[PDB]
Amino acid sequence: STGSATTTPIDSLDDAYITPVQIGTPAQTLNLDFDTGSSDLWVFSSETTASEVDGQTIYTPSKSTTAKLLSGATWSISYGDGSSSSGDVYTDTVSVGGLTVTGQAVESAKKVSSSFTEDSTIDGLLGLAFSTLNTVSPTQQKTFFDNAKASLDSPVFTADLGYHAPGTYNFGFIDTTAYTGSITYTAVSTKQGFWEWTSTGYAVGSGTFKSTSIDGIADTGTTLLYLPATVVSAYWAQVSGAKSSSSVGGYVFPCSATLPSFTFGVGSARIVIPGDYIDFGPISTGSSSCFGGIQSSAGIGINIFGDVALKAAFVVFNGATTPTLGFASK
Ligand SMILES: NCCN1CCOCC1
């Protein structure tokens, strides 16, 4: 079997992408953020603290004939950005673009931090990292992808994110019409529970390619590209007037400047991120300082290939016995 769903940016900056998901019987459609950096399927619900809901569509397990409370099961998660959520757990039927999984753990949020409340366009997250990162206690639960694996034509899912435009998440197949040239595959380490891989280097604009190992994760749930301080300094040195600002919490550049492209290595292949993709607009309304899409990972502890990098490529998340990541130009 296969699944295919459209993902659309939540705003004009591509801060996040939402994908419609059908939960329960009869179906309740929620727009979830597909996250390859986490492994919990959690949704805003009829149980969430009333004051912590601001415009989101809630999942109501009482109106679902296939919903079953997983007795005693609880979950709590904290993301790298200081945001968090927690609650109880249900099992229910979940479908993504025609691909159905019965008995999927659907984590019902009782408490959400303010970061989630203020994003009225995001009804929850669909974790696509490895199931070893799932926070359900005392019995760990499997991701949607792990549960669908047996039924899928091929154990793969593809991410094809648009730049200021809709994109696609495909499950169980590779669309040969969605990319150009060849797919270069690279090894994945699952030791930390992420889609961790090693990039073979970088180039800033039309400069020479620097061969160096950059270990990082393919994370659809992170907006920006977070790279080592050495790389990020070499990039922003090519932008006139760019500087690192402690007040803003990162690199800012004069909005009138034109940004060079950024190339990252995948084996012997090269993925070119256009300079426009690195522009994240004014730091505040009316400001002439703009926020950069390439930031230092020095304070995070891990390099992240977020939406900025992923949206420049067709990305294959191969969940075979030996998992691999594939990249093609599009
Ligand atoms: N809390 C606001 C941060 N969010 C995170 C997800 O994308 C949009 C912006």
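Here chain A follows Swiss-Prot for its numbers: 90-419, in order, are the residues you see.
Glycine residues also receive a Cβ, built from the backbone N, Cα and C atoms like all the rest.
Taken from Swiss-Prot as is:
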| type | residues | note |
| --- | --- | --- |
| ACT_SITE | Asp124 | active site |
| ACT_SITE | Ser288 | active site |
| DISULFID | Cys344-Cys379 | disulfide bond |
| DOMAIN | 106-417 | domain 'Peptidase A1' |
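Shown on the structure are the features that Swiss-Prot records.
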{"residue": "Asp124", "record": "active site", "Cβ within 10 Å": "20"}
{"residue": "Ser288", "record": "active site", "Cβ within 10 Å": "22"}
{"residue": "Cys344", "record": "disulfide bond", "Cβ within 10 Å": "14"}
{"residue": "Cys379", "record": "disulfide bond", "Cβ within 10 Å": "22"}
Quick one: Cα separation, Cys344 (disulfide bond) versus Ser288 (active site), in Å?
-> 30
Assigned element (helix, strand, coil) containing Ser288 (active site), judged by DSSP = strand
Write down the Cα-Cα distance for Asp124 (active site) and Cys379 (disulfide bond), rounded and given in Å.
-> 26
Cα distance (Å, whole number) from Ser288 (active site) to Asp124 (active site) | 21
Reduced DSSP state (H/G/I helix, E/B strand, rest coil) at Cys344 (disulfide bond) is coil
